[PDB]
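Below is one structure; the comments refer to it alone.
As a basis for the values below, the full set of heavy atoms in this structure was taken, side chains included, without hydrogen atoms, waters or symmetry mates. Every chain is numbered from 1, with letters handed out A, B, ... down the list of sequences. One-based numbering, in listed order, for ligands and for the atoms of each.
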Amino acid sequence: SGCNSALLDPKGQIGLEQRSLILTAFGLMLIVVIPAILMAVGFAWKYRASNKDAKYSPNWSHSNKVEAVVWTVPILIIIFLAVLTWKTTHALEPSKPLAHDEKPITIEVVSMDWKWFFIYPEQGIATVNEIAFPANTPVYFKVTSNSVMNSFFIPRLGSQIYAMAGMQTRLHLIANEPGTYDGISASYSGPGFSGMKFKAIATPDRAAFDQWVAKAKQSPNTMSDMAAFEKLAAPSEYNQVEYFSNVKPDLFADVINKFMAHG
Amino acid sequence: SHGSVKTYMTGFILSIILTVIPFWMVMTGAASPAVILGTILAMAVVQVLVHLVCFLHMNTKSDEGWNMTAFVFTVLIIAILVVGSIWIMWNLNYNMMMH
Amino acid sequence: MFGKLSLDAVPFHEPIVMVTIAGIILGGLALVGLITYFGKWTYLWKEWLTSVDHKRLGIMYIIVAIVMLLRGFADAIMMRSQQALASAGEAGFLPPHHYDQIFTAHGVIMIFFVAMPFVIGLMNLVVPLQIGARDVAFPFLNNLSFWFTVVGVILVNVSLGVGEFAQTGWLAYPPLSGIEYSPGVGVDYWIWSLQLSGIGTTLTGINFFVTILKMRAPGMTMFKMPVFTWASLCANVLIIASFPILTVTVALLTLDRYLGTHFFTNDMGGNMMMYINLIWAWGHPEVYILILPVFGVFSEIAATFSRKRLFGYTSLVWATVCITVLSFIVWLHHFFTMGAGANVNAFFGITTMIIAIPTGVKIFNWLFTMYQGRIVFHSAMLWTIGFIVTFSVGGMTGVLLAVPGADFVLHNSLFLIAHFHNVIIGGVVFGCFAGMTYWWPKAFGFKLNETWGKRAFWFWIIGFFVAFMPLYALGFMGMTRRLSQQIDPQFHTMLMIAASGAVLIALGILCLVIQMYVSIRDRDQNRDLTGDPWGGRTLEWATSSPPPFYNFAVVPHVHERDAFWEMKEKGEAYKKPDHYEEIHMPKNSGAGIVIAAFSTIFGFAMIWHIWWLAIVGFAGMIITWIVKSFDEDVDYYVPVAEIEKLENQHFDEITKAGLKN
Amino acid sequence: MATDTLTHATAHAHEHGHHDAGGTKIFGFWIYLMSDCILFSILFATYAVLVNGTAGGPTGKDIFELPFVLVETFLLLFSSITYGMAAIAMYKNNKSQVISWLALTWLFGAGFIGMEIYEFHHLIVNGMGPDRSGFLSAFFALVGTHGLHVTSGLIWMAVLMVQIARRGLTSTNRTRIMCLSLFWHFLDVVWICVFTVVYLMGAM
Ligand code: HEO
Ligand SMILES: CCCCCCCC/C=C/CCCCCCCC(=O)O[C@@H](COC(=O)CCCCCCCCCCCCCCC)COP(=O)([O-])OCC[N+](C)(C)C
Ligand SMILES: CCCCCCCC/C=C/CCCCCCCC(=O)O[C@@H](COC(=O)CCCCCCCCCCCCCCC)COP(=O)([O-])OCC[N+](C)(C)C
Ligand code: HEM
Ligand SMILES: [Cu+2]
């Protein structure tokens, strides 16, 4: 339709591609679904019992041309939609990096009990429930969980990806337009799932993004080690944006190694 | 009386062979792993068919062919479920490592 | 045994002044209850609870389905009003620790104890009547499976009454369901309800597979069976092939929560993704377990109420069997967002579209059955056209969900919610009310009231659309499922509209109850007196209404598809044979009730960590099984004198109507 | 192979001419055994997925004593062939060969179960239970589900032996021995798949 919703009006290249395939699939299915509903109401009304001047062949129960057509048209619509499914599933794979001359910004995403934790490794900072990145720049999300399965989702920008503990998913996104986009967990995770909800800020340029990084380095609190991590990973709800200025250089690997611990 | 004593005893001897040889190939390591592993899976499969033919009296006309069919459909479901579950889980486990 | 005296208690009532009706007229259906009809009336123990007759067990399966529909619909009203209040800026009346329990319990109650018993009771009613069998292959097993379903219903009701059910979503995904993040007993309630009801369901599936294959009338080949029989066969194949997966998967969750094992436990070599894979490997054949016999009902109803033979029988049968094998290679479409990279996702998307093809063959066959024909607008007919429209809409939204690129933004949103509500409500629930309206005279001997059925249908279809088109819009707006608190205000108005839609469906359910009550107070002015009230083409209408308990004194000989119609065409319907031989019949047994009560004891003691008593309950099931195996007088013969009385009463009513040969 | 519109009796092929048959129950047990095949296959797929989940502990090669598994396999195969000899008695009538062959079958089956119990106890005592690792959990699930099936077959066999000793070789006992024949032979088939997939591949 013509909504200003997050999916019918997306602001990222991945979301625009998904909107295009949603509209294409929707129209291809309308080709076969709209005559079905129209013949449902029309065949209901037209061949009434009270309607004397109809044909009424009660013993006609098989044909070859009707049977051939009603097999044929679903076959052809499913062939076209299947070809488009093949091409678009290989094109919009979340683990596949985006074709872009800008080098991506790597953001590390950890689903805490009911909050979103973010690590910028090459910037060496951390945030809760807020990310920023320059617009028109590819963004590489390395996503894992800390407790249970979640689903990292910025609907205006692109796809979901599951956040699972002890294992690393990866997503590639980009924003085609500066702004502030609501992100959520899209997989229920317990009493607090309604609160785990963040903002992604697409700054208009790199200088505004560097200013947001420089604001994060002024934070008194540091994520220096695992003790600060488990202090922050204590369960809580609806937590505000906070920043961390010093980050242990491989914290993401440490969080995943908590669950791949051998001995 | 579908089974004779001779049918059961030939199934018995075949089962003894198809059990003792894969065990011997694994306990000694005589071949290399590939032509051990393929051998033990082949001999397991043919021993399963020997047990079905000899001990279950399994045939294409026993209950209007519905035993065989039920079994062929069941083997198709086992094939889809097990092989698909291994394929899905291997692709997932590849895609969860710290690249 | 000898003094059960057991009834149930009222769940709850909440006051909400949101739009002054949700919470007040929600109470108007919450207060629908009845006083004792003499609990363990000796008539009720002898003729209903111990009954191995398939007609009564089917009726009882539906009674359970309607009662659980009322309870879970009350839960759905509270959810919808809470979502409407929480998007308006207020803390609602439902905290998250109650709301999460409510949607987990509600989805469980709906799927299992509403959608399963109604379709299984419909098969128990009319499948042995359709194939010309006097009863099912395993009658005691049918009674035992009923009572296992009742045990599962009991477990979920006790958990909801106490306030301790699972809080994980209706499928209990594993890390959350783990003993670590859910230490409470509610997941155990979930576990043992699905175990005992799944044993019952597996027994039903085996029983109907053997009944359909082995006990149809002579002359009925495979391609002369009725369509509802073919659909029942196919859904029972799916039950047999899929419910062991549910049994193993929930048993593995049981071992994770009771023995401290590490199947899905995230740290010690476990893999929670294996549970999600296995649970959806069960759960997508569950879909077509629900939708196949409903497709059979709709084919039967369209054929009989179009006054025309069903169009393209062989193509629609092969479409049923095509759906039946295909349902097993599509289950990854519930997790595209997990992270199989594009090859597996592409494969399962293609196979889900391959599902979408023979369903279209079904739909267009039902259209071209109606392409000629004096179509009388019965209640069941209106349910059929409303199903075609609604299910077409839901099916195209699911094929939109089947694309992995589209699913990457639509997974776990309210678009998916509105999908499965579209297809389940339209297909399954419209088929429920269509089949109940269609076979009520065959169940009881009198017709349902027509105008209240029309009113219930119109409220159901309009209120469904008002309730669930905003969830399509909301899923496009980015609202995900299972949101409870501090919902974003941009959603609010759509949620408000959905709230109104839920209210309208309430009226239809109220209308349904009213219809039933009216139909019982006007029994004598609305009975049919023959077994053929609508006309009819399959040989369950060749009996009386209600059938005799022995179900065709003389087993019919078929010669042709739609046997009753071709006996009414060339006039050898209603033919009185000279002599009746003796009829073999099993006896009523209370042993299914005892095994069920021991399973109730075992499940409760397993939930509350009694350890002992769980042994006593398990031993009670095994010893009752063995002692029942020791009994020998498991059957009796009905004499020819009682057969002559009933069959003479039937032929007196036929010749009073005016049919002789 | 013909279509007879006029044969209006209940005539069916002879097979001692009763036409109140137990073949419906045999077919029903066969369909149940296909469902239980699917049950065991889901456990097999779980073991295949979780086999490398040796968290910090032992692998299959570290655990499995192949001679002991060989004695287990011989015991259960002997049980299968002795139950097959029990079905040769019935069909030749002559009870007390049924009881003797089922008794030898029961001792062979109780041998198989007792060595399985020995391995389970030896693993749990040495800190190597199902709660140690995912591989050990899947091993215990698959092997112990087969053991629970063999155990339930042993209770069914003892109850059936008591019923044959009391009531003789009745028509009820016909279909009961054939149902348990299906169950027991299928259990030996499942164990063939078990020692191939779990033990032989594990101790490779
Ligand atoms: C019994 C109800 C039912 C029915 C009938 C269906 C039928 C279908 N199921 Fe819906 N499923 C059902 C029950 C569910 N499925 C679900 C989830 C679900 C998802 C999850 C997406 C996600 O993860 O977000 C997908 C892709 C599908 C695919 C389908 C498809 C393609 C059909 C098709 O078979 C529909 C076929 C009908 C059509 C297509 C319309 C008829 C018109 C035709 C056919 C004309 C020709 C058109 C074409 C050929 C395109 N199922 C869930 C979610 C569970 C949860 O959320 O926890 C439930 C309950
Ligand atoms: C209990 C706790 C454990 C849980 C066990 C759970 C199972 C419990 C099962 C219990 C079953 C027993 C109750 C119903 C029996 C009706 C038939 C009968 O007995 O004949 C009656 C004659 O006819 C009548 O008087 C009414 C006939 C239709 C009633 C339909 C009720 C259900 C409708 C819903 C949909 C049905 C399915 C529709 C499918 C298409 C005899 O009279 P009566 O029955 O003594 O009087 C009934 C009272 N009434 C007159 C006010 C009505
Ligand atoms: C991963 C999850 C694993 C789950 C599965 C674990 C293993 C599950 C294993 C299941 C296999 C056992 C089922 C088959 C039993 C026989 C059925 C049959 O056809 O009856 C035949 C004979 O039967 C008899 O004579 C009665 C049966 C004897 C008692 C059986 C005790 C089983 C104990 C354990 C029970 C399960 C314990 C489960 C523990 C968890 C024919 O019947 P009939 O001649 O018509 O008359 C019989 C009399 N009756 C009508 C009363 C029947
Ligand atoms: C008028 C009828 C119904 C209404 C108003 C209704 C409403 C709802 C709502 C609001 C939810 C939660 C959606 C969310 O997450 O925000 C839900 C979940 C669900 N409903 Fe219904 N529902 C209805 C009927 C049914 C029926 C008939 C079924 C039959 C199977 C069903 C099965 C489910 C399932 C499986 C879930 C998901 C449970 C979960 O989230 O864990 N519903 N329903
Ligand atoms: Cu699905």
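- Side chain to side chain, C:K442 and C:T543 meet the donor-acceptor criterion of an N or O pair below 3.5 Å.
- Across C:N124, C:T149, C:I63, heavy-atom proximity to atom 32 (C) of ligand 2 is greatest for C:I63.
- The residues lining ligand 4, counting any heavy atom closer than 4.0 Å, are C:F73, C:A76, C:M79, C:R80, C:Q83, C:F103, C:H106, C:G107, C:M110, C:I111, C:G169, C:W170, C:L414, C:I417, C:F420, C:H421, C:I424, C:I425, C:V429, C:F468, C:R481, C:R482, C:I505.
- One option in C:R521, C:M60, C:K442 has a heavy atom closer to atom 9 (C) of ligand 2 than any other, and that option is C:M60.
- Inspection of the C:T397 and C:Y472 side chains reveals an N or O donor paired with an N or O acceptor under 3.5 Å.
- No close placement of the C:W331 and C:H284 rings is indicated, their centers lying 6.0 Å or farther apart.
- Contact atoms of ligand 2 toward C:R523: 24 (C), 25 (O) (distance under 4.0 Å to a heavy atom of the residue).
- The ligand atoms of ligand 2 that sit less than 4.0 angstrom from a heavy atom of C:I520 are 52 (C).
- For the 3.5 Å distance criterion, the side chains of C:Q167 and C:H97 fail to qualify, holding no donor opposite an acceptor.
- Among heteroatoms of the N, O or S kind in C:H284, ND1 lies nearest the Cu ion (ligand 5).
- Taking the six-membered ring where the residue is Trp, the centroids of C:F146 and C:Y61 are separated by under 6.0 Å.
- Side-chain contact between C:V52 and C:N142: absent, with no pair of heavy atoms (C-beta onward) separated by less than 4.5 Å.
- Aromatic pair C:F444/C:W440: ring centres closer than 6.0 Å.
- Looking at C:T50, its side chain does come within 3.5 Å of a backbone N or O of C:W45 through a donor-acceptor pair.
- Between the NE2 atom of C:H333 and the NE2 atom of C:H334, the angle taken at the Cu ion (ligand 5) works out to 90° after rounding to 10°.
- In this comparison of C:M436, C:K55, C:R56, the heavy atom closest to atom 40 (C) of ligand 2 sits on C:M436.
- Closest heavy-atom approach to atom 18 (C) of ligand 2 within the set C:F118, C:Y43, C:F146, C:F444: this belongs to C:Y43.
- For C:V150, the closest heavy-atom approach to ligand 2 does not fall below 4.0 Å.
- Side chains of A:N150 and A:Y188: a donor-acceptor N/O pair is absent below 3.5 angstrom, by distance only.
- Side-chain contact annotation: C:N412 with A:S187, donor-acceptor N/O pair under 3.5 Å absent.
- Side chains of C:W383 and C:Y438: a donor-acceptor N/O pair is absent below 3.5 angstrom, by distance only.
- At a heavy-atom cutoff of 4.0 Å, ligand 2 is contacted by no atom of C:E47, backbone or side chain.
- Not a single heavy atom of C:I66 sits closer than 4.0 Å to an atom of ligand 2.
- The aromatic ring centroids of C:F103 and C:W170 lie 6.0 Å or more from each other.
- Close approach of ligand 2 to C:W41 (heavy-atom distance below 4.0 Å) involves ligand atoms 45 (O).
- Compare C:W48, C:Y517, C:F38 by their heavy atoms: the one nearest to atom 11 (C) of ligand 2 is in C:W48.
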